[PDB]
Amino acid sequence: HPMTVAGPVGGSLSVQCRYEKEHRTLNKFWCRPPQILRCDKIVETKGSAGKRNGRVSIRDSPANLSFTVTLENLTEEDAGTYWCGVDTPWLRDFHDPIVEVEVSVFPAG
């Protein structure tokens, strides 16, 4: 459930979030944690946020039971805690992470 990833300012990083067979068909998303119950989705594979949102993109690989989030042109602001998550078809009032991801951005050494 926990995960940490790191990359340089100006660079790229990718996060691979593994899930279960029952999640194959579900909308997958990337977000900062909820302020209350639901998080504000940055990108999603099957939803309003879109598969690409500026520097952030998401791609589902149901055959490998994972999806990958890619963050491009990293800035120090991009550091922090994120959720990989899935939505149920009829949706819930809350979100859970399938993985909590801590992103670190270090100066381009």
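Just the heavy atoms: all of them, side chains too, but no hydrogens, waters or symmetry mates, feed the values below. Along the sequence shown, residues are numbered consecutively beginning with 1.
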Donor-acceptor pairs under 3.5 Å, side chain of residues 83-91 to any protein atom, not counting sequence neighbours: which ones?
unit_1	atom_1	unit_2	atom_2	d
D87	OD1	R38	NH1	3.3
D87	OD1	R38	NH2	3.2
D87	OD1	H95	NE2	3.2
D87	OD2	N27	ND2	3.2
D87	OD2	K41	NZ	2.8
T88	OG1	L91	N	3.1

Self-check item: Verdict with reasoning, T75 to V105, per side chain to side chain contact (heavy atoms under 4.5 Å, CB included)
Solution: CA-CA 7 Å; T75 81; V105 181; over 6 Å; no

Partners of [X] by side-chain hydrogen bond (donor to acceptor under 3.5 Å, both in side chains), sequence neighbours excluded?
X	result
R32	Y82
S57	none
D40	none

Quiz item: What's the shortest heavy-atom distance between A79 and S104, and which atoms?
Solution: CB-CA, 4.4 Å

Quiz item: Which pair of non-hydrogen atoms, one from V101 and one from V5, has the smallest distance, and what is that distance?
Solution: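 Smallest heavy-atom distance, with atoms named: CG1-CG2, 3.9 Å.
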
Quiz prompt | Co-members of the apolar cluster containing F106 [side chain, <4.5 Å] | solution = none

Practice problem: Please list, chain by chain and in numerical order, all residues satisfying side chain to side chain contact (heavy atoms under 4.5 Å, CB included) with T4, sequence neighbours excluded. | Solution: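 Partners of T4 by the side chain to side chain contact (heavy atoms under 4.5 Å, CB included) criterion, ordered by chain and then number, come out as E102.
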
Exercise. Give a yes or no answer on whether the side chain of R24 reaches the backbone of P62 with a donor-acceptor pair at less than 3.5 Å.
Key: yes

Practice problem: Return each pair, listed once, that meets disulfide bond (SG atoms under 2.5 Å apart) where at least one residue sits in residues 24-66; pairs must be two or more places apart or across chains. | Solution: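 Every disulfide bond (SG atoms under 2.5 Å apart) pair that includes a residue of residues 24-66, provided the two are not neighbours, is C31-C39.
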
Only pairs under 3.5 Å count here: list side-chain donor-acceptor contacts from residues 46-54, not counting sequence neighbours, and write none if there are none.
unit_1	atom_1	unit_2	atom_2	d
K46	NZ	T25	O	2.9
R52	NH1	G54	O	3.0
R52	NH1	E72	OE1	3.0
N53	ND2	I42	O	2.9

Tabulate below the donor-acceptor pairs under 3.5 Å that side-chain atoms of residues 13-23 make, not counting sequence neighbours, or state none.
unit_1	atom_1	unit_2	atom_2	d
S14	OG	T70	OG1	2.9
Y19	OH	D60	OD1	2.7
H23	ND1	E20	N	3.0

Quiz prompt | Straight-line distance of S12 OG to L74 CG, nearest 0.5 Å | solution = 6.5 Å

Quiz item: Out of curiosity, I98 CD1 to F29 CZ, how far, rounded to the nearest 0.5 Å?
Solution: 8.0 Å

Self-check item: For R55, all residues meeting salt bridge (charged side-chain N to carboxylate O under 4.0 Å, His left out), sequence neighbours excluded
Solution: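 Residues passing salt bridge (charged side-chain N to carboxylate O under 4.0 Å, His left out) with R55: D78.
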
